[PDB]
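Residue numbers 15 to 55, 61 to 167, in the authors' numbering, belong to the letters of the sequence shown in order. Cβ coordinates follow ideal geometry from the N, Cα and C atoms, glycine included. As structure tokens, the structure follows; a few thoughts come after it.
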Amino acid sequence: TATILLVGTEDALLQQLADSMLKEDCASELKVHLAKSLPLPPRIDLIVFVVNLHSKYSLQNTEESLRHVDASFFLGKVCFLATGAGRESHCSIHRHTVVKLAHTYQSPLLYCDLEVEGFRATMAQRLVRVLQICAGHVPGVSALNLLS
Numbered sequence: 015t016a017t018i019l020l021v022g023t024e025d026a027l028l029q030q031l032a033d034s035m036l037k038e039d040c041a042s043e044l045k046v047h048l049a050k051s052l053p054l055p061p062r063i064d065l066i067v068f069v070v071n072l073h074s075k076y077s078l079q080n081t082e083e084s085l086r087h088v089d090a091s092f093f094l095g096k097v098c099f100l101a102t103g104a105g106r107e108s109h110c111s112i113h114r115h116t117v118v119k120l121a122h123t124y125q126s127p128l129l130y131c132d133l134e135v136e137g138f139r140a141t142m143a144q145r146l147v148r149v150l151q152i153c154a155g156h157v158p159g160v161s162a163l164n165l166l167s
């Protein structure tokens, strides 16, 4: 009844995030699809671009994939999720690049270390709520209202 597309090149992290989102409990029935890239080879309510700040390939793949997304998706139905930004080991230039990306496509930029169980759990809560909003399940709040 609410469907999210996770786009990212790290299968394992996408899977653990998906599992985190599916972890109990949710009033709506959540479906998760994963893609390594866009364009894809089903109704999709929310797209989350998971960007690995330690991987230049991740950045490039996000940048390229974005070109295939219809503009109506950026009306609150796209979120960026940067991983590695809280770590001193990450490249600052990449972080700036993704901040500029999220700004350009006027979409939220969220940060999480997906390798940390608790942090990923909380982020999954946030994303479940955003997904429900985008799917029209939250009274008085549409994807349009997410725009800020």
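Query raised in the report: Within 10 angstroms of its Cβ, does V149 collect 16 or more other Cβ (buried), or is it exposed?
Result: Taking every protein chain shown into account, the CB of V149 has 16 or more other CB atoms within 10 angstroms, so this residue is buried.
Requested in this report: Kindly list the residues whose CB is nearer than 7 Å to the CB of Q151, restricted to its own chain and excluding five residues on each side of it in sequence; keep chain order.
Outcome: Take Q151, set aside five residues on each side of it, and the residues of its chain with a beta-carbon closer than 7 Å to its own are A16, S42 and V157, in chain order.
Query raised in the report: In the DSSP assignment, what are the bridge partners of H47?
Result: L19.
Report task. Could you tell me the boundaries of the beta strand (DSSP E) in which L36 lies? Result -> Run containing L36: none in the beta strand (DSSP E); it sits in the alpha helix (DSSP H), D25 to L36.
Query raised in the report: Nearest to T116 by alpha carbon, out of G155, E82, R86 and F92?
Result: Answer by Cα proximity: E82.
Query - Rounded separation between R86 and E107 - CA only - result: Straight-line Cα distance between these residues: approximately 30 Å.
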